[PDB]
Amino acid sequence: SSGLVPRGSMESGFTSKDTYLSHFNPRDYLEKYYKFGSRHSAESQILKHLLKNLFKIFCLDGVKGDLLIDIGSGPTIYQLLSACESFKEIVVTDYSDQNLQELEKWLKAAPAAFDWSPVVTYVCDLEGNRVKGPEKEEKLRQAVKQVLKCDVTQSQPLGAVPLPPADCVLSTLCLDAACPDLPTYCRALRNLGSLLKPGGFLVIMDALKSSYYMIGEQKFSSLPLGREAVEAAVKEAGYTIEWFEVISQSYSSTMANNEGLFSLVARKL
């Protein structure tokens, strides 16, 4: 559709999930959003905000437990660096098979995997320089017990895979790209609840008011949600919000039309 409309959206109005299998490149996305050609870019500022928020949630607040399931990880691992200090076991999941290939290369420490070292050092500094980068990466690698296929739009997001009830379900920068509408968004929060213990933690971080995002020239849909619609959907899905933060920092105009980002910690009712 020549960029007139997002990829895989001509017929339905929103990028169909199989576009994440046929027309999606994790390496290109990683280079664009997590490897920086210049300092103090909007992408770098957003990543530092996410990292300080994850550090605050997992290391300063009471978000601790046995199992954490990361839903819609993408090809990234920055969102698990601080979580590995408070959770014994981490299960990482994604819809995209090429994202899963990217995570398994990182898990094996394959030379062809994306290099997360500068981000790891950054988290080590936040945490008090208790350890250096390599010791921090090895701890996270040992904490990641399973790499699974997921689909937030299904009532059993992880299929037949058996798992104990989780203490936390984390989802960063996934739901705006996976849910075509507010009813799907609410159903997806309910589907995630099925993986969670009663009183378990739900941690969500995503963009606000974004109808699309770019990976170079490739455009993908995003559910344009404001902060009120996110709170109403989280409350309707069966959770009580403990804290909710909105930041005005947005991605570069050539990468997305978001109007900030939100972070929330909720508990299953």
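Sequential numbering from 1, following the sequence displayed. Just so we're on the same page, rigid core means the largest C-alpha set that superposes within 1.5 Å between forms.
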Find the stretch among 255-263 and 16-24 with the larger RMS C-alpha deviation in 5 other deposited structures of this protein, all structures being superposed on the shown form by the rigid core. 16-24
Absent coordinates for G37 in a third or more of other compared entries: yes
Could you settle it for me: does 206-214 or 62-70 have the higher average Cα B factor in the PDB entry? 62-70
Where do the C-alpha atoms have the higher mean temperature factor in this entry, in 155-163 or in 133-141? 155-163
Looking at the temperature factor on the CA atom of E43, which third of the chain's modelled residues does it land in? middle
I241: CA B-factor among chain residues, third -> middle
For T121, the third of its chain by CA B-factor is the middle
Thinking about Cα B factors across the chain, which third does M255 belong to? highest
Tertile call for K52 (CA temperature factor, within chain, third-based) is the lowest
